[PDB]
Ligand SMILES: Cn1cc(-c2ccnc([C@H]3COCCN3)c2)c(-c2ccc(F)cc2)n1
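One chain follows as structure tokens, the form deposited without the named molecule.
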């Protein structure tokens, strides 16, 4: 039978992205189901082995998947990962694209902390979106994990903490729907952009869609133009209309950070923690699903 790493039987394809396809796998040693990421060794610029190095640097952190195997086999670079549960996009769709305020805030607390942890390891993620957060399995079903480090990169030197330099004239990196305003302006990404994207993810959960989503265009180059224009023409206060002011406060805070500024991860958590209490919610791990 076909087994990557001589050990993981290949199952059905479960996803595809710019940096490889994802398949179900089964560890013949334990029967443990796993996720197998494959990248063609002929790829323009190989990326999976670098992604694997990032995962290894983050191991042990709360909500970081464990990497089981990395190697080259046949026409593929291989990365075998612990299998997690459904993504937040999967669960959002399962829940008919409605999340309660309580679920949004339960998620927001952990997602801010996941992003802070990555930053604490000197990296920015650069692709914050609902598909890239997965709940844990079984007992760990209460824990939000972050995945997909294919666009991640160091933003400061590990020893000196010298921040990467500012620059403009960059092409869009990440996803158009969730990218920060400064990313659309061609500015180098930094810590603030991961958190701004999260702010759009949270308002997406509240609304079911974002106002720049589903725009009619022609080229994908002009697709980005219509998205950038709508995102810039929609004030944060209009975006967040009908929802607690904390969501606009969060987004305004992120937009006001300077390029190399350390975000106040505690302030942002307390905004939505204070709201959680005002609402009368308890942190009892009861999500909409």
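Positions refer to the first chain, counted from 1.
Beyond the structure shown, there is the form solved in complex with the named molecule, which is absent from this document and is the topic of what follows.
Here is the short version: of 134, 179, 107, 198, the single residue with a heavy atom within 4.5 Å of the named molecule in the deposited complex is 134. Residue in contact with the named molecule in the deposited complex (any heavy atom within 4.5 Å), chosen from 111, 79, 118, 202: 79. The closest non-hydrogen atom of residue 86 lies within 4.5 Å of the named molecule in the deposited complex. The named molecule is not drawn, but in the deposited complex it has no heavy atom within 4.5 Å of residue 251. In the deposited complex, residue 152 stays away from the named molecule, with no heavy atom inside 4.5 Å. In the deposited complex, residue 247 stays away from the named molecule, with no heavy atom inside 4.5 Å. Stretch-level contact check against the named molecule in the deposited complex with heavy atoms at 4.5 Å: of 221-229, 257-265, 238-246, 35-43, the positive one is 35-43. Under a division of the chain into two rigid parts between the shown form and the other one, the C-alpha atoms of residue 3 and residue 130 are best fitted by different superpositions and thus lie in separate parts.
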